[PDB]
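In what follows, a structure is listed as structure tokens, so that the remarks can point back to it.
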Amino acid sequence: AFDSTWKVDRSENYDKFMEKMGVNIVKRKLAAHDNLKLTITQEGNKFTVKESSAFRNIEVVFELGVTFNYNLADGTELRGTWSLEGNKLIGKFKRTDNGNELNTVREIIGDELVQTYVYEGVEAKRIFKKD
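Residues in the sequence shown are numbered from 1 upward in steps of one, following the entry's author numbering.
Structure (structure tokens):
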């Protein structure tokens, strides 16, 4: 099926990681308690990845090997690509303030939508579940 509401189940080094997005303390004092999700809904070989948080709902559409903008609610810019291979996604992003890459990655296992993030270094993981 892989077309669903998902929502955050767990997260790990998620504040460590946000600290190292060069977010700032008080973002985190709510990231603490903001949570994160998807409404994912693939279509003809494409991905409507409606990704969202207490910060703000983001529509992140892509069709396969496509580049685009993404922006935090605080006031940050970030752009990235996505593509689909072996029923799992491989994505990548980059600040344009720092000037660094971030390396996201999505996958649907266990009727559960894992994600994982890498900021210059720092592997976070986040795991989601259906709804």
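Note that the Cβ used here is the ideal one computed from N, Cα and C, for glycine as well.
For residue i, the nearest candidate out of the options (CA to CA)
i, options, result
"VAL105", "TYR119, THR96, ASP131", "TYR119"
"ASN35", "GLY75, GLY65, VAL8", "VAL8"
"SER11", "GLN42, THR116, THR67", "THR116"
"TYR14", "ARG56, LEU84, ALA124", "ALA124"
"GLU19", "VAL122, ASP111, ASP131", "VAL122"
"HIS33", "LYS130, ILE127, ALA54", "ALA54"
"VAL114", "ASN103, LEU102, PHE128", "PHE128"
"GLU43", "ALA31, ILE58, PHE62, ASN57", "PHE62"
Residue i, buried or exposed, once every other Cβ within 10 Å from all chains shown has been counted against 16
i, result
"residue 136", "Past the edges of the chain, shown from 1 to 131, lies residue 136, and the structure says nothing about it."
"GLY91", "buried"
"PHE2", "exposed"
"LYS37", "buried"
"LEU102", "buried"
"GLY110", "exposed"
Close beta carbons around residue i, own chain, < 6 angstroms, minus the five adjacent residues each side
i, result
"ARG95", "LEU78"
"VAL49", "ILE40, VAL60"
"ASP131", "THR5, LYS7"
"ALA31", "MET18"
Close beta carbons around residue i, own chain, < 8 angstroms, minus the five adjacent residues each side
i, result
"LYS88", "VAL105, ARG106, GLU107, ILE108"
"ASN100", "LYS94, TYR119, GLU120"
"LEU64", "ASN45, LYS46, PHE47, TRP82, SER83, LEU84"
Residue i versus residue j - alpha carbon distance
i, j, result
"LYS16", "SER83", "27 angstroms"
"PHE68", "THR76", "14 angstroms"
"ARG126", "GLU85", "20 angstroms"
"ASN24", "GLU51", "21 angstroms"
"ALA73", "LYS29", "15 angstroms"
"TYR70", "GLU112", "24 angstroms"
"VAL66", "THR81", "5 angstroms"
"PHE47", "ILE58", "14 angstroms"
Nonlocal neighbours in the same chain, by C-beta distance under 7 angstroms from residue i, ignoring five residues either side
i, result
"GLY22", "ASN98"
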